[PDB]
Every structure is written in C-alpha cells, then in structure tokens.
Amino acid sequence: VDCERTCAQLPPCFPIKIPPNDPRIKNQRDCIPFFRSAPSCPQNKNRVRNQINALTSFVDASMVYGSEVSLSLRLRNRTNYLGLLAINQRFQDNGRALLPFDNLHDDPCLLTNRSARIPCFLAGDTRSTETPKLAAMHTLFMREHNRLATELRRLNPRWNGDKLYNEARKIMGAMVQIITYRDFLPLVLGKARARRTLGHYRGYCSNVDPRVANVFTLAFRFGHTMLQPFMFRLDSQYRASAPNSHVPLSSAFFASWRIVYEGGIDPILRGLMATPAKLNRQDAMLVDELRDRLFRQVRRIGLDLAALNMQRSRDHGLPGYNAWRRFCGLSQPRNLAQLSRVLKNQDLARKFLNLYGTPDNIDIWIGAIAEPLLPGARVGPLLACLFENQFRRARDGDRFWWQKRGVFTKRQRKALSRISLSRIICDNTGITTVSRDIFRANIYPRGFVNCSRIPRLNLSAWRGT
C-alpha cells in the first residue's frame, strides 16, 4: 500500500505514531509516513531479513558516476568522444555547466515551486537535489570531471573517449579519498585519535571485508546534528546582501529551481565555506527545520528526521545502544547512575530512562548522537569506534586505494597529494577567494586567500601513460 496515504500498519509500512502530548501534530490518528527498507533477496522467507546497499561500498565517487552500468552511461555525454559527463542542455550558471535533469514519476522538485517547473537534477546517486547545497557539490564535481577529461585530452590527443572518461574517473575517486581521509576524518574524530585508530596505510588486505555495515548507515547520520536552520547564500564579497540570503531548509529541500533561478552554485558554495556548522549539544541536538518540517513542501505532513532515524534502526533490526557499546569495548550502563556518567549528564540520562526503562533499548542513532563529544572530535566514543571501523575497512579492503602500489605512478601520487576541495572550487566556479582550511569555521576574511595561493593539480604525470 501507499504509506504516504494511510496510517495503517499494512505492508510495506511501519508508520510513526503520534504521542498525545505532541507539540506540533494535534491530530491523534495522524502519523509520520514510513516505508520499510526493501529486503535483500526477497525469495527466501524463513531467513532473517536484511536490507540492501544500492551503492558501491568503496570511496570511489560513485555518487558522481553511478553504481549501475546503465546509469553510468546515461550520465555520460554520448554525442562526442571527449569522455565527458552530460550537462544540462537548457540552463547554464554564468556560462558554466549544470547537472542534467532527471525524469522521475512524481518528481518532488517540481512541487517546491509549481510555477518554476524545474525538475530534480540527475547525478550518480538518487538524492542529488535533497538540498541545493548537496546539488551544488554534485554540480561542482561533475564540472571537475569534465575539466580533467578536457586537460587529459590536451596532454593525450590520441586517447579515445572511454580512456578519457576512465582516467578522469580514476583521478576523481582518488581526490574524494584524499579529501575524506586527509581533511574530513581527522576533524570528525580528532587528529591524534584518527592517526592512532586508523593508522598509516600499510597496503591492501584481500581478507578485509570492505562492505558498509547496516549500523554504519544509521550511525553516520550523526551529521544531522550539524545542520543550521538555513541554507546560507553569500555574494562575491561574502556578504548576505541578497534579500533571501537565509533560506529556511524547509523551503530549500528538493529546490533545484533555486540553483536555476536564484544565482547558480557560487552563492551556495560561498555560504558553505563562510558559515559555521551547528554544534551538536546534548540540549540542542537537531533543528526543527529537520525535526518538524522535513520535506513539508513535497509531502502531506512535515516529517521528523530524528523520528525517521530511530524508526529506521528498528526497521533494520539493529541491536540497541548497549549492544553497540559492547561491540566497541565500551561500558554497558545498566542504571541511572551509570548512564549519567557515560553521558556526563544526569538530566539527559533520566529522560532516556523515563522513555526506555533500560539503556539496552535505546535506539542506536539517538544514544550515539547523545554521547558527549570527545576532545577535538564531533563524535562521542561509540560513533568514533563505528566510523573508525567502517573507514578502516573502506581503505584496507579496497584494491584501488589511491596509495596502493601500481594504482597510480609515484609521480601521479605526488601530484594528487597537492589536491584540495578549495582548488576544485577555484577551478570550476567564478569564486576567486576561498578558505584554505575549508572544513574549519573561517569568519571571512580570516582564513580566506586568493585562488592563486591554493596548490593546483599538475596533470603532467598523466602525459603518455
């Protein structure tokens, strides 16, 4: 049945019920819709249910290229042999490329501004327009692929279209791995902690299982606590001068029309560099733009992302908080006194026990994001353990890890080591002043430099290879 149009507990639904004291939803028979995740290999019925991962577990830029062959070809520009990704044929952003449009039945982007009639963008992953901030990243990386294939053609005029696409794709996968492991993970975990728990790369291990685990798909939603209530857009002087510079997120979900008609991706990229993230605090976890107004412009009711995350771990048959603490070699608090020490917060521990009775039953996302943050990190110990486990596997179990001997040449690894997300912005946008340490909060003009000061990717090591 259509879980958006009934609150009955009929297949494949698992509706989120409304409490009597709800501060927002006052219809006691309403629900927040919820479709269960599809089961893997549905033929066997007496087996324990598992959920599917539709994407490649490797950090390989599959969100740009696709994880299915037919989709990966659909994203390519098939009108020439330049090895490019297809671009929007109707709109451009100050002369620069935009993503092609998708062709969805009941396209949600069309519902965000009925008169603009701008559908969702098409990229390697189905969620590319969940915000215009995420669509801006997808657009930026599609441009970087085309810039790489264009420069590789200049160096290698006899390479065919497939070789140009394959080589640009291989460089892009390495850049995504470098930005992730060198820049992002040390700031999630703490720099010393990332060095100690991930360690230096020692080579490929064919006995490592690189698959993404079911629990990681819930734990890595810790990011939801870092959203501010607005999408921030800034002009070329990094000022919120336009009259709609602070867009509430609940009017920006799926709003591809904002990229097409409200200034392209540069104001969005500038907003991301120059605005601080929200800090996860135990008494300020998730903004109401996500906890109460999620997707309100495209669904019959504003959803609650925290409720979806907790219902989703139940849907996915995940063990509770203490089972995951035990998996990580952490203590299993059994009562109020112990939970108060683990959370460094008696009032929060009391609220958890009033709701759950035992910490054994706390749903993984809420218990994990409630842990106090480790010094230098944006995670407590449980999320640090789970993320270290997943990212260690994704690196050590990947036969195409960028540092593995034979994947790239020594000269190519040296050239790749100079890349940065700031350089990708400089190379593919009209922005000429960027933050150098892009993931740190930089209050403009502090930490911002001209693009000429940011190292470049020298592609000479790809000539004649």
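Residues carry their position along the shown sequence, with the first being 1.
S.K.: Which is higher on mean Cα B factor in this entry, 231 to 239 or 372 to 380?
M.R.: Per the PDB record, 231 to 239.
S.K.: Output the stretch having the higher mean C-alpha B factor in the entry; the candidates are 432 to 440 and 61 to 69.
M.R.: Per the PDB record, 432 to 440.
S.K.: Looking at the C-alpha B-factor values in the deposited entry, which of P333, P210, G203, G320 comes out highest?
M.R.: Highest CA B-factor of the listed options: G203.
S.K.: So if I compare the CA B-factors in the entry for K410, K26, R399, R36, which one is the largest?
M.R.: Answer for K410, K26, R399, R36: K410, with the highest C-alpha B-factor.
S.K.: Within this chain, which third does the Cα B-factor at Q51 fall in: lowest, middle or highest?
M.R.: Its C-alpha B-factor, which the entry lists for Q51, ranks in the lowest third among residues of this chain.
S.K.: Mind checking which third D183 falls in for C-alpha B-factor across the chain?
M.R.: As the PDB entry reports it, the C-alpha B-factor of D183 lands in the middle third of its chain.
S.K.: Where does the C-alpha B-factor of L353 rank in its chain, lowest, middle or highest third?
M.R.: Ranked within chain, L353 CA B lands in the middle tercile.
S.K.: Per the entry's values, where does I425 land by CA temperature factor relative to the rest of its chain, in the lowest, middle or highest third?
M.R.: Middle third - that is where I425 ends up once the chain's C-alpha B-factors are sorted.
S.K.: C-alpha B factor of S115, ranked within the chain: lowest, middle or highest third?
M.R.: Answer is highest: the recorded C-alpha B-factor places it there.
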